[PDB]
């Protein structure tokens, strides 16, 4: 699996490279007089790039085989004459009404056989031959028309594939899933073994007896190997679609191209790491998580984006100035968070910072989604902040930030889209445990101990790191198992948690005691699990540990510990539970390395309090400073090290004081004292320094 | 309604009778080399019976009209040569893919018209002519092939009928429900009156205008007489199917036969009491309820199983060594509970103890369901415990337990599958009240007072008992009413609760004041109900009683008390409610007997605290010992009384001390002191003594 050669949208002729800054722009929603005010405000704000025509199919092709590009030619000329570059869409993200009215077979079908109608967006089947023909046609018409346009710097292919059309249960998807399985497994016998079909009379005679995981009565249990493969197939089918659109544009009008991802701690619609191999550059859409997780989760998501990009610069295609429209309660951003959030992504390696969207819609389903120009207009705190950010990004580019890379951490936290999928089955030990929460909890606990981790996809080079976290990494394939065993034996330092290595990549259990492929690495054997909760009176809902932490949701029953291992922490419990004095946290010597095993869910707080002991045991150095968890420190450097930037973010609701170890470039809710070379960072503030 | 003659699986030639011990066995999921280890482990564990081929249709009939029995012949020979008997399945529990692909009319249909697909199990219509033909065909092929096999001791017909396919809304079920109604009622006028169809323009001109209770818009109110009959019809339709499979096997290969039930406090998929009339012996599948209810609910379920069996020995076809796969949080068993749970069923009259399943599946939807041989293998606490239980059951059979019966209690708690169904309508006084909880609450409150009740189905001989509980028994037919009135007048002692006797068997209300058919038995008249909860601010959520208990969810408004009755307890409340000083608990003299009325939901705790007074008033004797509720005492005896066994189970999280009134045979987490003839029973422990 090779990545494509890296390509990045280049400046308009006569311009110097900049941190690209701007947003989705939808002039087609407004009368044309508004466009001249849009351009003048964009110049005021320091906007240098916008993404246009994303959902414009019904205007670009208003009837079948009739094209209307003149409006788009005119707005692209206005932008370009003002020095603003265009990231042009294919226009294919969502089909017009004339098309679905004429071709109802385009619409995707749900698990009960109910057809998804128009009225929102992206109501098309990934495996529809007729929709593909319509989409490639528009791609080609667009490419031919814009191939020589001097103001178009990149292609934005479709939009957030799979946000709405991940799953289709049509006859098209039935046929395509049969073909996928044949191309993966080769024989029906191989499919039967993978899916364990001897159970419940599911054994198939040929590929025609492979059906999608349709409606089986709510509450009943779908074949888990088949469900896992369904999610892989669904991601692959949309990848195929993306690659076909891409290729159709590039054959006529080669330009840097991307499609926008939805990388966030809890979003696993697609295997985004896999997809990252087919974009010229990684672009991401991230919106804040409400409440206390806001800052840490956004840093973690931008960190994972950078891991997907293999530390190449990446493109923040979307985020929000303030509230989104799509949550049950759409909380606003607090003062300072607009600037802070943008610099968080920048810190984690973005060389472009863009919003959804330029002007707040006055009608339609996202009218309540914040924008760069709110309903309130340019006389607004949001627009002032947008202008301030624009000046900030010009300064940072003047000072050499472009093309610098996020520095390598001591610690790689491993993330696997497929492990998440495996943990989503409805007949696992507990529905309260999924893969995705554990890596985020580690990121935050490590930050509390003064350490900024890298978040590395399982395919990526986590085995080149000083230390590695396997966080509820439910799948360990034969390959990954080998990589883990070799990494530790050669001197790596490993953290492994509960719900790691239960299964291989077919969702077959590794037998003999969990974790079945690496018991000797971690030097423990688990014979069963003890899920916990409050489902009924008298259920076991927690387990204390003797290091002052508390387990919830899940604990392992460890029945033996290797002679090369020792117990760092033990459970304390009522005797009748069997847990009193049982091992909870262990550390094993394996070859020249070490592996710690955390046999329960301890949360961010439990991990943060357990880590000092474990970091010491594994020889991983951190600050001695008491205030070490108050700020997240994020660094970017060029290869030589001549351009080295430090971003300091307050993670707390107190004022944080930091040393200033170079020239302060940008400050937001932060005050520098030149005398003492110190700075006080308010809540929600950030300071950027060049070393 | 007669029961079939009792028959029980007999020993293999040359063996003596044993408590059958073993589990579901699925060699078809494993390579054949595993089978020789399975047999050797089964011998080590003392396993003497296994149930085979339950879901093996896709291997037994791999294409239409092609049979492959050689694998099954080979594993049955290995088992039998090792002295292990086979409970052979029909194999018909779930159809193969080739069959449903060729015959989509087999699949059951949901209330909206959506067809249940393959991908799990039991996706067939109870009233499908073509599925019946396929099932009877396999039954006959199986019977002909195994009719002279010396190692097959019984038939296990299908599997848990109605677990998944209770309700079908197809055209087949439409036709079959019309015929059922005609065969029940005779005329359409009788159906119209039963269902109250003059209400809401539902009156029918003929049987063709009877339709199933399909989709009527979510939240709207289905005709309740029709819904009640639907549940009776659905149980009958699957009973018809079972009887046809049974008959098809027995015509060729007569052997003891059963089908496995799902008797538990809250499961009412089928009228299991009715079904019990068509099995040769009762077999049950019971899995623990999480938390504090675990022990008491399992004892209660095994007790009800024995009531269904009319005190004949019965067969525990399934339970779990530890966690199941199918709850949202799959809690494990604690140390000692494997042995304890098994002996609980044994205590309540089982002469066979079997698990789902022998070897934990490594793939498929139940891979996370515990087994006798876990993923961890034979070197596991579970497998050791399985071996220990095996030796325990050999000892108890050596000591004469087989064919002894659960001793008659002083108290019969009445259970009615149909009353539960009636309480399930969505326009009852409150959705918080169902029939099934009240009998369980009584069982537990009576145990707290030192009394082990019998749980007797309404058709059964509850009127032969010293005292009887009617626990939220919503239906009283004319017949049951007569039985109650005569039972009390002749000297019976009766407890009646709220939500008893509201309706007759058509769901018509008994008029004139509740409970409308027995007001004079209980010597109270209720004019309305006062449901309670926390649905909105300021709702009435409890009512104190003056005996130190608290009502929740529901109270009766009692407006008069007979001259032959007196008030035992009264509500205390805010004046404006109307409840201050109102009657809550009464006792009436009726003929030579007495009837207590408990006009509210008091819970296990409220009932346990109310019972001393009521037991005294009704002359029902219990221990004077203060510790009387700490252990459940369960007895089995032969008819003479020469073989009398007492099982003592600790119900608490303290150590319980008991007297030893005979020879201790089996102890689990219990220590006997020969000197003092006493024993200390740990939490989760049990002692078995022969008197």
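Assigned by CATH to the domain that holds residue A:271, assigned to a loop (DSSP other than H, G, I, E, B) and surrounded by 15 or more Cβ atoms within 10 Å (Cβ to Cβ): does that describe residue A:8?
Yes, satisfied.
What's the number of the only condition in (1) under 30 Å from the mean Cα position of the chain (by Cα); (2) not in a helix (DSSP H, G or I) that residue B:216 fails to meet?
Answer for residue B:216: the failing condition is (1).
One line per residue, one yes/no per condition, for (1) touching a helix residue (DSSP H, G or I) at 6+ places or on another chain (Cβ under 7 Å); (2) in a helix (DSSP H, G or I):
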{"position": "B:226", "(1), (2)": "no, yes"}
{"position": "B:244", "(1), (2)": "yes, yes"}
{"position": "B:263", "(1), (2)": "yes, no"}
{"position": "B:266", "(1), (2)": "no, no"}
{"position": "B:284", "(1), (2)": "yes, no"}
{"position": "B:301", "(1), (2)": "no, yes"}
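Name the residue, out of B:488, B:484, that is farther than 23 Å from residue B:420 by Cβ, buried (at least 24 other Cβ atoms within 10 Å of the Cβ) and assigned by CATH to the domain that holds residue B:589.
Values: B:484 fails: farther than 23 Å from residue B:420 by Cβ.
Exactly one residue qualifies, and that residue is B:488.
Just for the stretch A:117-133: of the residues that are surrounded by fewer than 23 Cβ atoms within 10 Å (Cβ to Cβ) and without any contact (Cβ under 8 Å) to a residue 40 or more places away in the chain, which one is nearest to residue A:143 (Cα to Cα)?
A:133
Hey, among B:403, B:370, which residue is part of a loop (DSSP other than H, G, I, E, B), surrounded by fewer than 21 Cβ atoms within 10 Å (Cβ to Cβ) and under 26 Å from the mean Cα position of the chain (by Cα)? So that I can check it myself, show each step before the final result.
Numbers: B:370 fails: surrounded by fewer than 21 Cβ atoms within 10 Å (Cβ to Cβ).
Checking each option against the conditions leaves just B:403.
The rows are residues; the columns are (1) assigned to a loop (DSSP other than H, G, I, E, B); (2) touching a strand residue (DSSP E or B) at 6+ places or on another chain (Cβ under 7 Å); (3) free of Cβ contacts under 8 Å to residues at least 12 places away in the same chain.
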position	(1), (2), (3)
A:605	no, no, no
A:608	no, no, no
A:611	no, no, no
A:624	yes, no, yes
A:632	no, yes, no
A:641	yes, no, yes
A:652	yes, yes, no
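Can you name the number of the only condition in (1) in a helix (DSSP H, G or I); (2) touching a residue at least 40 places away in the same chain (Cβ under 8 Å) that residue B:616 fails?
Residue B:616 satisfies all of (1) in a helix (DSSP H, G or I); (2) touching a residue at least 40 places away in the same chain (Cβ under 8 Å) except (2).
Quick one: in the stretch B:49-78, of everything that is surrounded by fewer than 24 Cβ atoms within 10 Å (Cβ to Cβ) and more than 14 Å from chain A (Cβ to nearest Cβ), which residue is nearest to residue A:206 (Cα to Cα)?
Taking the candidates together, the pick is B:67.
I need the full set of residues from the stretch B:149-191 which are under 30 Å from residue B:15 (Cβ atoms), touching a helix residue (DSSP H, G or I) at 6+ places or on another chain (Cβ under 9 Å) and not in a strand (DSSP E or B), in order please. Explain how you work it out, then say what you get.
Step one: of the stretch B:149-191, the residues under 30 Å from residue B:15 (Cβ atoms) are B:149-160.
Filter again for touching a helix residue (DSSP H, G or I) at 6+ places or on another chain (Cβ under 9 Å), leaving B:149-152, B:155, B:157-158.
Answer for the stretch B:149-191, where residues must be under 30 Å from residue B:15 (Cβ atoms), touching a helix residue (DSSP H, G or I) at 6+ places or on another chain (Cβ under 9 Å) and not in a strand (DSSP E or B): B:149, B:150, B:151, B:157, B:158.
Any idea how many residues of the stretch A:406-434 are away from chain B (no Cβ under 14 Å) and in a helix (DSSP H, G or I)?
Summing the residues that are away from chain B (no Cβ under 14 Å) and in a helix (DSSP H, G or I) in the stretch A:406-434 gives 5.
Looking only at the stretch B:367-385, decide whether some residue is on the phi > 0 side of the Ramachandran plot, within 12 Å of chain A (Cβ to nearest Cβ) and without any contact (Cβ under 8 Å) to a residue 12 or more places away in the chain. Working first, answer last.
Restricting attention to the stretch B:367-385, the residues satisfying the condition of being on the phi > 0 side of the Ramachandran plot are B:377.
Those left that are additionally within 12 Å of chain A (Cβ to nearest Cβ): B:377.
Adding the requirement that they be without any contact (Cβ under 8 Å) to a residue 12 or more places away in the chain leaves B:377.
Yes.
Would you mind stating whether residue B:593 is closer than 30 Å to residue B:563 by Cα and within 14 Å of chain A (Cβ to nearest Cβ)?
On the way: closer than 30 Å to residue B:563 by Cα: yes; within 14 Å of chain A (Cβ to nearest Cβ): no.
No; evaluated as a whole, the condition is false for this residue.
Taking the stretch B:321-340 as the search range and keeping residues that are more than 7 Å from chain A (Cβ to nearest Cβ) and not in a loop (DSSP other than H, G, I, E, B), which one is nearest to residue A:578 (Cα to Cα)?
The extreme case among them is B:337.
A quick yes/no check of all residues on (1) touching a residue at least 40 places away in the same chain (Cβ under 8 Å); (2) in a loop (DSSP other than H, G, I, E, B); (3) crowded, with 23+ Cβ neighbours inside 10 Å; (4) at the interface with chain B (Cβ under 7 Å from one of its Cβ atoms):
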position	(1), (2), (3), (4)
A:505	yes, yes, no, no
A:536	no, yes, no, yes
A:548	yes, yes, no, no
A:557	no, no, no, no
A:560	no, no, no, no
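Matching residues to (1) on the phi > 0 side of the Ramachandran plot; (2) over 27 Å from the mean Cα position of the chain (by Cα):
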residue	(1), (2)
B:147	no, yes
B:155	no, no
B:162	yes, no
B:167	no, no
B:200	yes, yes
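How many residues, within the stretch A:509-519, are touching a helix residue (DSSP H, G or I) at 6+ places or on another chain (Cβ under 8 Å) and surrounded by fewer than 20 Cβ atoms within 10 Å (Cβ to Cβ)? If you could, list the steps in order and put the result at the bottom.
Here is the first cut: in the stretch A:509-519, the residues touching a helix residue (DSSP H, G or I) at 6+ places or on another chain (Cβ under 8 Å) are A:512-513, A:515, A:517-518.
Those left that are additionally surrounded by fewer than 20 Cβ atoms within 10 Å (Cβ to Cβ): A:512.
Residues meeting the conditions: 1.
If you check residue B:31 against the conditions, is it over 28 Å from residue B:250 (Cβ atoms) and more than 10 Å from chain A (Cβ to nearest Cβ)? Give the derivation first.
Numbers: over 28 Å from residue B:250 (Cβ atoms): yes; more than 10 Å from chain A (Cβ to nearest Cβ): yes.
So residue B:31 fits the description; yes.
From A:512, A:581, grab the single residue that is away from every other protein chain (no Cβ under 12 Å) and in a loop (DSSP other than H, G, I, E, B).
On the way: A:512 fails: away from every other protein chain (no Cβ under 12 Å).
Step by step, each of A:512, A:581 is checked, and only A:581 is away from every other protein chain (no Cβ under 12 Å) and in a loop (DSSP other than H, G, I, E, B).
Return the residues of the stretch A:134-148 that are in a loop (DSSP other than H, G, I, E, B) and without any contact (Cβ under 8 Å) to a residue 12 or more places away in the chain; say none if nothing qualifies. Step through it out loud before you land on a result.
Just the residues of the stretch A:134-148 that are in a loop (DSSP other than H, G, I, E, B), to begin with: A:147-148.
Residue satisfying the conditions is A:148 alone.
Which of the residues spanning the stretch A:591-620 are out of contact with any helix residue (DSSP H, G or I) (no Cβ under 8 Å at 6 or more places or on another chain) and either assigned by CATH to the domain that holds residue A:684 or over 30 Å from residue A:653 (Cα atoms) (or both)?
A:599, A:617, A:618, A:619, listed by residue number.
Please find, among B:363, B:344, B:352, B:397, the residue that is more than 7 Å from every other protein chain (Cβ to nearest Cβ), farther than 23 Å from residue A:432 by Cβ and not in a helix (DSSP H, G or I). So that I can check it myself, show each step before the final result.
Details: B:363 fails: more than 7 Å from every other protein chain (Cβ to nearest Cβ); B:344 fails: not in a helix (DSSP H, G or I); B:397 fails: not in a helix (DSSP H, G or I).
None of the other options fit; the residue is B:352.
Within the stretch B:457-484, can you find the residues that are in contact with a helix residue (DSSP H, G or I) (Cβ under 8 Å, 6 or more places away or on another chain) and in a loop (DSSP other than H, G, I, E, B)?
Within the stretch B:457-484, B:458, B:459, B:460, B:471, B:472, B:473, B:474, B:476 qualify.
Quick one: in the stretch B:82-102, of everything that is in a helix (DSSP H, G or I) and touching a residue at least 12 places away in the same chain (Cβ under 8 Å), which residue is nearest to the other protein chains (Cβ to nearest Cβ)?
Checking each candidate, the answer is B:97.
Just the residues that are outside any loop (DSSP other than H, G, I, E, B) and surrounded by fewer than 20 Cβ atoms within 10 Å (Cβ to Cβ), please, taken from the stretch B:103-114.
Within the stretch B:103-114, the first condition is being outside any loop (DSSP other than H, G, I, E, B), and the residues that meet it are B:104-106, B:109.
Correct list: B:104, B:105.
Identify the residue in the stretch A:203-218 that is free of Cβ contacts under 8 Å to residues at least 24 places away in the same chain and more than 7 Å from chain B (Cβ to nearest Cβ) and, among all such residues, is nearest to residue B:72 (Cα to Cα). Break it down stepwise before answering.
Of all residues in the stretch A:203-218, those free of Cβ contacts under 8 Å to residues at least 24 places away in the same chain come to A:203-206, A:209, A:216-218.
Those still in the list that are more than 7 Å from chain B (Cβ to nearest Cβ) too: A:206, A:218.
Working: A:206: 23, A:218: 34 Å.
In this case the residue turns out to be A:206.
The values are calculated or read from the model by the stated rules, or taken from the named source; no laboratory instrument gave them. Using ideal geometry, Cβ is built from the backbone for each residue, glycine included, and neighbour counts are taken over all protein chains shown.
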